[PDB]
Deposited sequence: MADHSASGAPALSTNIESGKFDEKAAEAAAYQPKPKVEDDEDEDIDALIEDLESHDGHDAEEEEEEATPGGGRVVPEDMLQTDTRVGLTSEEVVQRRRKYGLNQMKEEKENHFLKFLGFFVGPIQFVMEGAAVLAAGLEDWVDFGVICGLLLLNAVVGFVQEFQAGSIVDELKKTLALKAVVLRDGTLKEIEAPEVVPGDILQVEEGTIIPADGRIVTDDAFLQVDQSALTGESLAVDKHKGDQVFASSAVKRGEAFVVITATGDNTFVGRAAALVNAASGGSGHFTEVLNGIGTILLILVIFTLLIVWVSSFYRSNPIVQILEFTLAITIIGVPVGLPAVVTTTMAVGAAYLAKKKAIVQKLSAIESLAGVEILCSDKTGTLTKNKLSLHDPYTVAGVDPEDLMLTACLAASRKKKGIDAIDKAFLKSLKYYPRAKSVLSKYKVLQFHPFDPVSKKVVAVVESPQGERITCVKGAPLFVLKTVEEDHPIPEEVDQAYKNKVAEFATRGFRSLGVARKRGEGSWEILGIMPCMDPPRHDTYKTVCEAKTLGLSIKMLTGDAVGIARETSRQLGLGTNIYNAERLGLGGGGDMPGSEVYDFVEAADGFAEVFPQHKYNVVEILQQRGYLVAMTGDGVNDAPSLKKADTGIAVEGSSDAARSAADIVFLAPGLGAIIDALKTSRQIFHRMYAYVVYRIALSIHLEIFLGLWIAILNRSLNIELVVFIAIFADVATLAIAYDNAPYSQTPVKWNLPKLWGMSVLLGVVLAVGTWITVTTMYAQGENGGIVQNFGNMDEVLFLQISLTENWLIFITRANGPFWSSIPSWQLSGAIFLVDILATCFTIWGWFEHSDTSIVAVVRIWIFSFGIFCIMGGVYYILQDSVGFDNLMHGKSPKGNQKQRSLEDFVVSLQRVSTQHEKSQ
């Protein structure tokens, strides 16, 4: 739909009836199709078909058949308890989904790509979707194009970053009148857009683990049901008793709300993270951040502050006595609303008497090449009152000399002093900037170096120290030379193994064997003189060795690296494209925020893992107890008691998402074989405890075994199962022994209340025909505590360079060699 779907001259050319700057009277627009068309607003706030949706399903059908086959509404004892359990599961699921969907949207709101349109006044900006179609737009150097459309008549070329919706990853340089694609970035440019198709033709991992776990649990429940049905067939049980058995085992076996409570834990953790100034794009980024082993962070803005200190410019040069300040400030963009960190320090340190007032007047800029990362060099051409074209150049100290090597070519008197001074200021931890000037058509003097300095953030050193205890390995990425990077590493205690990116082999190699360039990249404390492509190459290499890499991105240059990284982190002050391509967007600066978010994500993952182990352990426990007891002895717990056991497993679990869970000291990952081993062993231990409990009463009579004065088997088993099952959470939510960390008051209270309810059940026996002695419950508590201790001890006991053989090194060498020979041949002699 182009012409008949909301597009013609009056939303196209009537846009361009005013000047560039101005817009008035969004009049009667007749249609606001802007808010992610029919995606979030699709069937708005139904809020009642989610409730009934939880009442329909495989297990819910089994429960409905159970509640119907209880002689209908004859008596409110079996029907009442079964419908109560079904209602409780439905309500808990609905509340959890509501909480998880009402808090992931609050993170979406605080991260929407706000869009700027300039009207008569200095209009701030327009919130993303509520912008009228057929309206002007200002896409400015790394902003996600809010609305699809075409360019405005003004002449300028913007390099739109594509391959998000198209194929080519290179410069897709639409110039004038072409189709500008929405939800795409702009690498560089300054153009205006006319809106067309404002919402038309816009062309995790824990969930899969949960799905697999649920499938295996279903398999286990089916196996148990098969045992029960076979053993009932051999005994010719009436169909009603078989149905009661299968209902009990269906209730205990399949966890109704495992993925729901896992998503609730993720959502609560994401909300807590966003409270800590760390907004998560996709809910799956929590696990990815918890799993990262290497954090490749840019030095500027993360490991150090963006404000620079200037210390005595090196004005020791030839004829040029003081021109450093004047010519360097000549190359200032002076916008004061889009200038970078480098530009500010020149203006703040312009306390120069002779000509600093007269140097900013009449020096009209003709050409201003922006700072190119591949060149590390800003070049400006301006006018002067003398009439000359002073082409200022400013960049890395060596690159300025590489620029001035043509005229006045490398005199030994000045070049040696220049290199010695830049090395000296590297030793002093000073960022240096060189400047060269062009008076005439054949003059090229070298002015000198400018010793800027940006100190590390006051919390950076201890943050890096603690990051080594967390299992991370921080790899700094500097565009600076090797000397400055190495001195910064010495200052930060980051270790001094800094390799120049181009020399090492990131990209076009230097005939370094491929098996060892990967080894150097893996064991490297940093990378100096890094270009945008080297970031992606570093991420690609580090993942081959088997790591999970977290990249600190900022700006549109490192968007592909952010996408390729397992956890792309958009640091403070990033552009719209950088945070759109990242996984976690930060609203606080420094590495301290990143490390705090890492610790929080590890805590959230610990909560998730502890709950999963809890759920499947008690599932295995209670299924291999009840199924075995039915098979061997044609007996099972009273249906009301087993329903209440299931309920108690949905009360002590709506609190796991809110507790003081500790964080692992090493990167944490889904070790599914170890998870299943631990859970099967815990369930087997619990089942052995329960079987001991019941075989005591077989051995010494109904009221003579684990019970002392009087009791009944069913309520005693109820109490033992409830205690040993709910107390299992205290050992899964710990690092080592269960007494290491103190559980939160909420979890402890919710579990102690359930324990009190189970004890009252046993003492007064209000679902069976007899009560239990007050000393029998004491003995059951003692035995359950012993089982808890042995189970926790089992859980605690089992809780705990070239990275390649000949095959791996050969493979990496072959990969790098084939890349190099492809380049070599492609050169075609």
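Where are the holes in the model when you compare it to the deposited sequence? Holes in the chain trace, numbered from 1: 1-65, 269-283, 881-891.
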